[PDB]
């Protein structure tokens, strides 16, 4: 067709429907020929003819043949280019709304090659309103067609904030989630999971996916033979997990996640640990269920297997911290960590080479574990107290002289809080007192952070129940600062201050105790206007 093209070009522009039809069929025929193919994708007059005819024609075959030709052109650079700098993209997008399937299929696949290989096609498709049309097409039922379409969505949305916003506005989340729990065609499930994965990192799309049943839908494929599918579902679940605190019907997913903690795939275990951590954060129902399916045992094993792999231990420890507090079975979980040999490894994580993030989380877990008396002796025998006191001393110095994702004040508060609890035990108290912590705790009474003052006064209160410790607390100069804390806006701080102050004066003359009481009463009884100062 070296020089037979120009004739057809004119034939396509004809005004007789039967005439264009014949030309259209021929041009299509030639597109199948890698010889005459170039002859077409090299004549801008011809390419434009195909484009225009496809758009402005009422003949089924003509539409199918021109669309098909462009599709054959999209296999080569010049083809893509020729289609691009010819207004093909806007043209093909309009065709996405065609009532005839073959045209629909030719348009979407051609657009697909354009998005993947033609520079600047993404923006063009976006501007032409392709996204809006592709999302609406998610109601079709041909799984091979849904695969290419959803894949087009993934290509457009990847790293493109605005595309994601458009997909959300078009109901993209609900349609993608419907696909995940409706079809079994592995390739469609995988391409869709990839779109959901890309959207899941967006604060705007996250709530919509969750509300649409995304968490549960993705849970259904965690035990699927397809590895790549299970993984994308995991990465996606992890991204959505901090926004799924209000979901119900989560039992199956949680059950599966626990089981997945026993996988030999670091990526699967790491995600299962992260998802479980987020899903149990402030959700008693999820904490309850995770515990019922042996969540504690599984988590302890994971922490044991991970060794110094902090990308695994940190999330696992965080889940353990959540499962050991604020729910009906928290006490059972606190005991379970011990019964499954978790204390030795948990305490071990306080020592190097752990980093502040893991140490912070570990300290929090230890503080919950200490709520259970049966853990006092075991934690003590693992060297918990000296280690916690050493981290506190260290974190405190760095504070009074000046890290890696965490404020040292957080460590000071965490360690002091853990010790406050551990000090309930007669033996831990003497060790804590024996490590010369009193002067440190007294210094913390001057902290500007209300929570630190609370745990500081609190541990001093525990220590003060023993006469000798109470005398030592007075000797270290705790009276002045505690007297000031009596006026604290935090009643917890104020009550602890009153307890230590009165502990220190238990042996003074009745005259002195009476005066002190006047001060405690004047200070702890809030009257008149609060903010009066």
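Numbering follows the first chain given and starts at 1.
- In the deposited entry, the stretch joining residue 402 to residue 403 is interrupted by 10 or more residues of the deposited sequence lacking coordinates.
- Averaged over their C-alpha atoms, the temperature factors of 151-159 and 426-434 are higher for 151-159.
- The mean C-alpha temperature factor is higher for 77-85 when 77-85 and 301-309 are set side by side.
- When the Cα B-factors of 245, 216, 328, 174 are read from the PDB record, 245 comes out highest.
- Annotation for 391, 452, 266, 273: 266 ranks highest, by Cα B-factor.
- When the modelled residues of the chain are ordered by C-alpha B-factor, residue 417 sits in the lowest third.
- Among all modelled residues in this chain, the alpha-carbon of residue 21 has a temperature factor (C-alpha) in the highest third.
- Per the PDB record, residue ranking by Cα B-factor puts residue 34 in the highest third of the chain.
- Annotation for residue 42: C-alpha temperature factor in the highest third relative to the rest of the modelled chain, per the entry.
- Looking at the C-alpha B-factors along this chain, the one for residue 138 belongs to the highest third.
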